[PDB]
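Notes to accompany the following structure.
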Amino acid sequence: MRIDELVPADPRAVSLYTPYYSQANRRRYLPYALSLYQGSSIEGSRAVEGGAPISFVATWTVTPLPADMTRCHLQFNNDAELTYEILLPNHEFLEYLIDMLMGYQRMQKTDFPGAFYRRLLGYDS
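Using the deposited numbering, the first residue of the sequence shown is number 1, and each one after it goes up by one.
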């Protein structure tokens, strides 16, 4: 399962697919992202238990080398005046994504951690 079986690998594609994130041997996150990379993209409403489902959009594509970041757009309570644009390097973005899924789905509460909100706000303390 590699990008050379899909579209011709650009240097951008090569660098985004280069990091193999794994906690043991194989990891379902890499091939799931390769499937999205084809142009399916991610857009939907993720259900946060204890509150309400908020729309989120994430797109993976060949972004320039110094800009090798994944961009996610999250609206708070589907309010367009409250839009968060959170983008991070492709090796750093998955760490954010696990914390996001873990905090809202696993704990079943709509309260974000203060240290997690520091990174979302973009406050360099």
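Every residue, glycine too, gets a C-beta built ideally from N, C-alpha and C.
Counting C-beta neighbours from all protein chains within 10 Å, is the total for residue i 16 or more, i.e. buried, or is it exposed?
| i | result |
| --- | --- |
| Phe112 | exposed |
| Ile98 | exposed |
| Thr61 | exposed |
| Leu16 | buried |
| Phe76 | exposed |
| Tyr123 | exposed |
| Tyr21 | exposed |
| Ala58 | buried |
Can you check DSSP and say which residues form a bridge with residue i?
| i | result |
| --- | --- |
| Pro89 | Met69 |
| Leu74 | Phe56 and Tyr84 |
| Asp79 | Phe76 |
Distance, Cα to Cα, residue i vs residue j?
| i | j | result |
| --- | --- | --- |
| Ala13 | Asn25 | 23 Å |
| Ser35 | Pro8 | 15 Å |
| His91 | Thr70 | 9 Å |
| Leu6 | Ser125 | 42 Å |
| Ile3 | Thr18 | 10 Å |
| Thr63 | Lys109 | 34 Å |
Would you check if there are 3 or more beta carbon pairs closer than 8 Å linking the stretch 40-57 to the stretch 100-109? Short answer: they touch.
Inside the stretch 13-68 only - alpha helix (DSSP H) runs reaching at least 4 residues: If we require 4 residues or more, the alpha helix (DSSP H) runs fully inside the stretch 13-68 come out as 29-35.
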